[PDB]
Amino acid sequence: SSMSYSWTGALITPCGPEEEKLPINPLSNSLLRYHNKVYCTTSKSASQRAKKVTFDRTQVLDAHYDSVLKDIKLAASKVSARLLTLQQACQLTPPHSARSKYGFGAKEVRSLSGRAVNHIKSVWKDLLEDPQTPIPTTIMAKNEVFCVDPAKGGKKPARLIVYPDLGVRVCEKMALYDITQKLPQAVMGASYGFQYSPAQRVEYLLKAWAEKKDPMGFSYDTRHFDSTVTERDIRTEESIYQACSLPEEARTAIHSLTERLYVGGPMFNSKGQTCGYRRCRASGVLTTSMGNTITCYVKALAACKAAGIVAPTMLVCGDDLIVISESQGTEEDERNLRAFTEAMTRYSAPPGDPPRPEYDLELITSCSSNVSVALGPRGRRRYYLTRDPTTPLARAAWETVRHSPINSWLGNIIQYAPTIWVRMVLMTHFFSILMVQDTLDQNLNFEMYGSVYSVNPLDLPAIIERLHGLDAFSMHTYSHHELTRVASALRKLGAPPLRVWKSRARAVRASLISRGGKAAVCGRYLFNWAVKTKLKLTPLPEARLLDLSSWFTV
Ligand SMILES: Cc1cc2nc3c(=O)[nH]c(=O)nc-3n(C[C@H](O)[C@H](O)[C@H](O)COP(=O)(O)OP(=O)(O)OC[C@H]3O[C@@H](n4cnc5c(N)ncnc54)[C@H](O)[C@@H]3O)c2cc1C
Ligand SMILES: Nc1ccn([C@@H]2O[C@H](COP(=O)(O)OP(=O)(O)O)[C@@H](O)[C@H]2O)c(=O)n1
Ligand SMILES: [Mn+2]
Ligand SMILES: [Mn+2]
């Protein structure tokens, strides 16, 4: 049937400046040496990604899909959702959100400036009066940092991002924000990812594994997921939304947004030249994350029925997917997974790498993370969530006139506190830098799922205990897999071995213990691993006061 994109041949031009690296990276050049391997994706590679995501889609559904969609619309029916006030949608736009063509930006929108509320009023009225005229969109290449992989063809091309004008984006939040806060949870229940903190997600998968008599799990990621969603997928999304109890005014704007924006439309480059036509998901609309996860859940759930997966348990984060199920014998389990893949290829959610049955929780990698195990001095098994540290290290090295890696470090220290690589590398380099800057007690921004939370470095012990528990300061023996990987990534980026980090840490700890106060608590908790006569860590009362609920949610 339809083509994901078509192109006029106009270039995908840069939105602002794409910065050169500098000849000295003074904050991260004592972290790793091979700064030549750290690169940022750029609009240069945008045509390359363009050719990789343009393809003819052929969707073929069936009674399994049809059965799922029916039950998911019924779950949807139990949701009641309201319009947001224009004023509320305004106050939800980020403080740096891309300006409007109509001469005003995030600052006026957040401050309810009259100019802005006026234009946005008339944009809302156009949505309610006009259900057909396509809404134009800007296409830009995403800039993100990676390490090179010669085994994966040098550098990844930039991801394609496609978003409507700032006026339209506020309007989306009025029509759809409340649903984005209620629908996913309701139709997916505990299967919704994006409601679990790292430890909660380990808890969940651990539980799923043990419920099964003979457990078996696999993970799935659709290849170029935004380009695989078809105009029918998007219209089916509208009907899942319309399944809820909504005011009539919202249904009207929801329908207009779907027909005029979500099912597709013309894309213009940043220079204003008309650039192509889009017939798939624009990664940029409000519903990007919700549509990804619900359309992924429905297809994946259908495919489970097609493949005869027994007693499935799912975890769905966008297009990343984990399924813990009852094993039917390894021979059947392989056949079933080909069936699952053939099904989802029929649903137009074809895979990146072919999925594969695994019978060991550490061998299932999804959401770029995996569960792993460490002992204590206890001998007791502590389970946690880790990842390949390559990309975290690469972004620990991204350092230009306009970006500081220091937020990147904090973010990983918070999210992966129990990992050997956070504990021995990032935590050490973090506090070492801040002390030399005399910055320990000056706040940083932690960033996750759009929200930005303020964090004081000297609070990391309490924060980490509230998130991961006191076991995060006691992991004695890490797994052969984890040791191998962290070792290899450190070699790959020219960072010191773990041996050397242990020495550095001993010194860091000594140095902030002897600042007393909150700084010393940091050294006794965060660096208990570096001294041979470990002190007995006690729970921290201030952790009992922290409420980190909304940190790892949506
Ligand atoms: C709803 C949502 C909104 C986000 N908004 C921002 C933002 O405004 N500014 C910012 O700097 N980072 C944003 N991010 C990125 C986010 O903060 C994490 O960095 C990201 O999820 C990578 O963490 P991960 O463990 O899930 O790794 P990953 O394996 O990279 O993510 C797993 C899945 O989450 C989804 N996803 C990944 N990145 C994004 C993304 N940028 N936007 C939407 N979905 C994504 C995808 O479906 C992906 O398959 C957002 C992520 C989500 C899920
Ligand atoms: N920076 C990002 C990353 C992913 N996503 C969404 O998540 C989907 C799948 O995530 P992904 O990491 O597997 O990237 P793809 O190569 O599948 O496009 C995208 O296709 C996007 O719709 C986004 O909106 N912004
Ligand atoms: Mn994908
Ligand atoms: Mn993915």
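Summary of packing: across the peptides 189-201, 80-92, the per-residue average of other C-beta atoms within 10 Å ranks them, highest first, as 189-201, 80-92. Treating each Cα of the chain as an identical point scatterer and ignoring solvent, apply the Debye formula and state log10 I(q)/I(0) at q = 0.07, 0.08, 0.10 Å⁻¹. Reported log10 I(q)/I(0), two decimals: -0.44, -0.58, -0.93. Simple point charges give the picture: +1 on the Cβ of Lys and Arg, -1 on the Cβ of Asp and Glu, and for the range 19-103 a dipole about the Cα centre of about 220 debye.
Estimated from helices alone, the mean residue ellipticity of the chain at 222 nm is -12500 deg cm²/dmol (sum of -39500 (n - 2.57) over DSSP H runs with n ≥ 4, per residue). In a shell of Cβ-Cβ distance under 13 Å around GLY284, excluding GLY284 itself, what net charge do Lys and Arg (+1) and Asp and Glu (-1) give? Computed value for this residue: +2. Starting from the Cα of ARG115, step 7 Å along the direction of its Cβ; do the same at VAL401; then give the gap between the two resulting points in nm. My value for the distance between the label points is 2.7 nm. Taking a straight Cα-Cα cut-off under 22 Å and skipping sequence neighbours fewer than 8 places away in the same chain, the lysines within cross-link reach of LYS532 are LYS502. Rounded to the nearest 0.05, the FRET efficiency derived from the C-beta distance between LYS125 and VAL531 at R0 = 51 Å is 0.15. Dipole size of the chain about its Cα centre, with +1 on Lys/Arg Cβ and -1 on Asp/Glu Cβ: approximately 1760 debye, rounded to the nearest 20.
For the range 313-398, trypsin sites (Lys or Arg not before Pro) are listed when DSSP marks them as loop and at most 15 other Cβ atoms sit within 10 Å of their Cβ; the list is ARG378, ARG380, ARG381. Under the Karplus relation 6.51 cos²θ - 1.76 cosθ + 1.60, θ = phi - 60°, what is the ordered set of whole-Hz ³J(HN,Hα) values for the range 273-288, x standing for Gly and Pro? Rounded to whole hertz, the list is 4, 5, 10, x, 10, 10, 10, 8, 5, 7, 6, x, 5, 3, 6, 3. Taking every C-alpha pair closer than 8 Å and separated by at least 6 residues, the mean separation divided by the residue count of the range 366-488 gives a relative contact order of 28 percent. The residues packed around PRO150, meaning those with a beta-carbon under 13 Å from its beta-carbon, carry a net charge of +4 if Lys and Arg are +1 and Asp and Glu are -1.
Farthest towards the positive end of the charge dipole of the chain, among the residues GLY318, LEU363, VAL60, is the Cα of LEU363, using unit charges on the Cβ of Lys, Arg, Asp and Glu.
Calculate how steeply helix 63-77 sits against the longest principal axis of the alpha-carbon atoms of the chain, using the helix alpha-carbon long axis, and give the answer as 0 to 90 degrees to the nearest 10. Its long axis makes an angle of about 80 degrees.
Karplus-based coupling profile of the range 316-328, in residue order and whole Hz: 10, 10, x, 9, 7, 8, 10, 10, 9, 9, 7, 7, 10, with θ = phi - 60° in 6.51 cos²θ - 1.76 cosθ + 1.60 and x standing for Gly or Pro. When peptides 271-280, 411-420 are sorted by average Cβ neighbour count within 10 Å, with the highest value leading, the order is 411-420, 271-280. For the range 538-554, backbone phi angles converted through the Karplus equation (6.51, -1.76, 1.60; θ = phi - 60°) give residue-by-residue couplings of 10, x, 9, x, 5, 5, 4, 8, 6, 10, 9, 3, 6, 4, 9, 10, 9 Hz, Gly and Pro being listed as x. Each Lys and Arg Cβ is given +1 and each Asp and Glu Cβ -1; about its Cα centre, the range 291-363 then shows a dipole of about 460 debye.
The angle separating the long axis of helix 517-526 from the principal Cα axis of greatest extent in the chain is about 90 degrees. Of all DSSP beta bridges confined to the chain, the antiparallel ones make up roughly 90%. A protection proxy built from the mean count of other Cβ atoms within 10 Å ranks the segments 178-186, 486-494, 2-10, most packed first, as 178-186, 486-494, 2-10. Exceedance of the 30 Å cut-off in Cα-Cα distance is limited, within the set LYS156/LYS299; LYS70/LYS101; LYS207/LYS305; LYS101/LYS125, to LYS70/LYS101.
Solvent-free Debye calculation, one equal scatterer per alpha-carbon of the range 370-552: log10 I(q)/I(0) at 0.09, 0.13, 0.15 Å⁻¹ equals -0.29, -0.64, -0.88.
Throughout, read-outs are computed from the coordinates displayed, never taken from laboratory work. Positions of Cβ are generated from backbone atoms using ideal geometry, with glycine treated the same way; all protein chains shown enter the neighbour counts.
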